[PDB]
Ligand SMILES: *C(=O)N1C[C@H](NOS(=O)(=O)O)CC[C@H]1C(N)=O
Ligand SMILES: [Cl-]
Ligand SMILES: [Zn+2]
Ligand SMILES: [Zn+2]
């Protein structure tokens, strides 16, 4: 890697690891469109297995970027429209509060206060129907953004229904395979478990537990190499030869809602570049990111703006991830760690690196 990249990565990430007690970390810096990889520490502390470029990390809510793009691909196939009512795809959702709630609202957390999590008691399809049937919105649809796995999770599950495929099969064949993300998994196969890092929470080794709509909202695992390729794909959608996937990537970076200086895409979130670093750093704190905030609709949605900071945070019990990229500059970063450490520290480090290389 260029000396400037090696230097800023050492000076930024090694102290981050020191400050946050991260056991293992992988970083990809995409500079002039090319990834440069960095690893530290251990995927499995007790076995002393190092992090490598083949180590699988839990992406947590970064998974939503895949869901958003798969939904975009379905839009480009004509299979769904974001204006479609939820009930078009789930007619058994008969309760009246669902009148007026569209796929757009589900995808962008604006349905009116769907909760952050699907309750852990939801174990069956009938449990899931009961949950959504009995949910009472706090707000009218399209007025407040409240980040919610139960919102985009349902979007993902319904967006694939016209295809006749399961969510996992649709994702495999429509996103992972065309992009040659061959070490990216919703369910890690047995032959790949040797690569699956342990997450660490209070010193204990942990993996994310199964939950309703987990694949859609927080359940993807991937390597630093595949995540760099995902960033490249989102930086350069015209290099994707499958037209519906090219367009799906572009649609996931359209701007559907604005609140403050932030814009909601499908999975991805965006700000105009150059960005105020304190905005993205402070806005990543859970106390803000997960708070209800009024939104202004953008109609029509702004087509993907190249001069944007595009990004997504994610966490599981034992992992912390961050992705950010700037299409205009063909610059990006992926940060995968097997400890969940505070978002603002991740975003700060990412902006120190990309700011240095712009
Ligand atoms: C995604 O990682 N999840 C949903 C929500 N995301 O907010 S974050 O991206 O700013 O970390 C909270 C964390 C996590 C979860 N526990 O479901
Ligand atoms: Cl130093
Ligand atoms: Zn040093
Ligand atoms: Zn392999």
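The lone criterion from (1) more than 16 Å from ligand 1 (Cβ to nearest atom); (2) touching a residue at least 60 places away in the same chain (Cβ under 8 Å); (3) touching a helix residue (DSSP H, G or I) at 6+ places or on another chain (Cβ under 7 Å); (4) not in a loop (DSSP other than H, G, I, E, B) left unmet by residue 43 is number (3).
Among the numbered conditions (1) within 26 Å of residue 192 (Cα to Cα); (2) more than 16 Å from ligand 2 (Cβ to nearest atom), the only one that residue 38 does not meet is (2).
The residue that is surrounded by the fewest Cβ atoms within 10 Å (Cβ to Cβ), among those in the stretch 80-97 that are out of contact with any strand residue (DSSP E or B) (no Cβ under 7 Å at 6 or more places or on another chain) and free of Cβ contacts under 8 Å to residues at least 24 places away in the same chain, is 96. Among the residues of the stretch 139-175, the ones that are buried (at least 24 other Cβ atoms within 10 Å of the Cβ) and in a loop (DSSP other than H, G, I, E, B) come to 1 in all.
Considering (1) away from ligand 1 (no atom under 16 Å from the Cβ); (2) buried (at least 16 other Cβ atoms within 10 Å of the Cβ); (3) closer than 19 Å to residue 347 by Cα, the lone condition that residue 77 does not fulfil carries the number (3). Return yes or no: is residue 120 loosely packed, with under 13 Cβ neighbours inside 10 Å and in contact (Cβ under 8 Å) with a residue 24 or more places away in the chain? In short, yes.
Residues of the stretch 98-113 that are in a loop (DSSP other than H, G, I, E, B) and either over 14 Å from residue 251 (Cα atoms) or without any contact (Cβ under 8 Å) to a residue 12 or more places away in the chain (or both): 99, 100, 101, 109, 110, 111, 112, 113. Counting only residues that are within 27 Å of residue 318 (Cβ to Cβ) and out of contact with any strand residue (DSSP E or B) (no Cβ under 6 Å at 6 or more places or on another chain), which one in the stretch 1-12 is farthest from ligand 3 (Cβ to nearest atom)? The selected residue is 12.
Only one of the listed residues (222, 209) is within 16 Å of ligand 1 (Cβ to nearest atom), under 27 Å from residue 150 (Cβ atoms) and crowded, with 21+ Cβ neighbours inside 10 Å. That residue is 222. Restricting attention to the stretch 29-40, which residues are loosely packed, with under 15 Cβ neighbours inside 10 Å and either in contact with a helix residue (DSSP H, G or I) (Cβ under 8 Å, 6 or more places away or on another chain) or free of Cβ contacts under 8 Å to residues at least 40 places away in the same chain (or both)? Scanning the stretch 29-40 gives 33, 34. Inclusion of residue 228 among residues that are part of a helix (DSSP H, G or I), under 28 Å from residue 40 (Cα atoms) and out of contact with any helix residue (DSSP H, G or I) (no Cβ under 9 Å at 6 or more places or on another chain) is warranted. The condition of being in contact with a strand residue (DSSP E or B) (Cβ under 8 Å, 6 or more places away or on another chain), under 24 Å from residue 337 (Cβ atoms) and away from ligand 2 (no atom under 16 Å from the Cβ) holds for only one of 211, 199, that being 199. Under the condition of being surrounded by fewer than 20 Cβ atoms within 10 Å (Cβ to Cβ) and under 16 Å from residue 260 (Cβ atoms), the residues counted in the stretch 284-301 number 12. For the stretch 9-18, the criterion of a residue being under 22 Å from residue 233 (Cβ atoms), more than 16 Å from ligand 4 (Cβ to nearest atom), buried (at least 16 other Cβ atoms within 10 Å of the Cβ) and in contact (Cβ under 8 Å) with a residue 12 or more places away in the chain is satisfied by no position. Take the conditions (1) under 16 Å from residue 28 (Cα atoms); (2) touching a strand residue (DSSP E or B) at 6+ places or on another chain (Cβ under 6 Å); (3) touching a residue at least 40 places away in the same chain (Cβ under 8 Å); residue 319 misses just one of them, which is (1). Picking from residues in the stretch 50-61 that are part of a strand (DSSP E or B) and more than 16 Å from ligand 4 (Cβ to nearest atom), the one that is farthest from residue 208 (Cα to Cα) is 50. Whether a residue is more than 16 Å from ligand 1 (Cβ to nearest atom), free of Cβ contacts under 8 Å to residues at least 12 places away in the same chain and under 19 Å from residue 25 (Cα atoms) was assessed, and residue 202 does not pass this test.
Filtered by the rule that a residue be within 16 Å of ligand 3 (Cβ to nearest atom), over 26 Å from residue 215 (Cβ atoms) and in a strand (DSSP E or B), the stretch 14-40 gives 38, 40.
Note that each Cβ is placed from the backbone with ideal geometry, even for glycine, and that neighbours are counted across all protein chains shown. Since every read-out is calculated from the coordinates, none of them should be taken as a lab result.
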